[PDB]
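Before any comments, here is the structure.
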Amino acid sequence: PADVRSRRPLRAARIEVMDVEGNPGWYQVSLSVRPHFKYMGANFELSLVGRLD
Amino acid sequence: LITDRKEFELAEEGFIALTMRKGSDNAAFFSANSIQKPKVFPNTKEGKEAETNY
Amino acid sequence: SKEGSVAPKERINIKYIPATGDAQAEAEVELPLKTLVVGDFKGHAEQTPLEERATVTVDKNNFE
């Protein structure tokens, strides 16, 4: 629901941790997130029709 | 009273349009874009992913 | 025009199309079986050449 999305915003997280080679201890991290998409626009097309289930 | 076409244009130009709700005393941000021009990438699969990220 | 018109693009674009979506559907008028009755209809020859004299539409409502 909207509240749990409001306080936990990011849906996925993929973290890669690599070493700086030849410089020991120094770690190199890529932290990539995918947030919740918030509804910001749509196009609508309407059509009368018969025969529809 | 910014009409909604004018609001979407201000949103594409990187502006935050404070829009008055007509007949009320309340206002709203329909959009909060930042300045940076949204890039156009080629219309492939990887291109639409990179536009999505951008 | 023939495609209708739309507003300039907003946050919520609503337009109505013929939503049947009938691909492989084209429109034709039922073509009239236009019978061209050609016969001797006046008491004389006309000097006017054949390409210039005109056809006369006849129905029940203006035959007289």
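Positions of Cβ are backbone-derived with ideal geometry, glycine not excepted, and every protein chain shown enters the neighbour counts. Read-outs throughout are calculated quantities, based only on the coordinates presented, and are distinct from any laboratory measurement.
For the segment A:32-41, counting C-beta atoms of other chains within 10 Å of every residue's C-beta and taking the mean gives 2. Bridging of residue C:2 to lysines at a Cα separation below 17 Å is possible for C:15, once same-chain residues fewer than 8 apart are set aside. Residues of region A:31-53 falling in the label zone of residue C:2, defined by backbone nitrogen less than 19 Å from a point 7 Å along Cα to beta-carbon, are absent. The mean number of Cβ atoms from other chains found within 10 Å of a Cβ in peptide B:4-13 is 3, as a whole number.
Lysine pairs in chain B whose alpha-carbon atoms fall under 19 angstrom of each other, counting only those eight or more residues apart or on distinct chains, come to 4.
Filter the chymotrypsin sites (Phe, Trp or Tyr not before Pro) in region A:1-49 to those in DSSP coil with at most 12 other Cβ atoms within 10 Å of their Cβ, and list the result.
Details: sites: A:26, A:27, A:37, A:39, A:44; in loops: A:26, A:37, A:39.
Those satisfying the criteria are A:26, A:37, A:39.
Projected onto their three principal axes, the Cα atoms of the protein assembly as shown cover extents of 117, 55, 40 Å, largest first. The alpha-carbon of residue C:34 sits under 27 angstrom from the alpha-carbons of these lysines, leaving out residues fewer than 8 places away in its chain: C:42, C:60.
Using the number of other C-beta atoms within 10 angstrom as an exposure proxy, rank C:11, A:51, A:34, C:53 with the fewest first. Present the calculation step by step, with values, prior to reporting the outcome.
Working: C:11 16, A:51 5, A:34 12, C:53 9.
So the ranking, lowest neighbour count to highest, is A:51, C:53, A:34, C:11.
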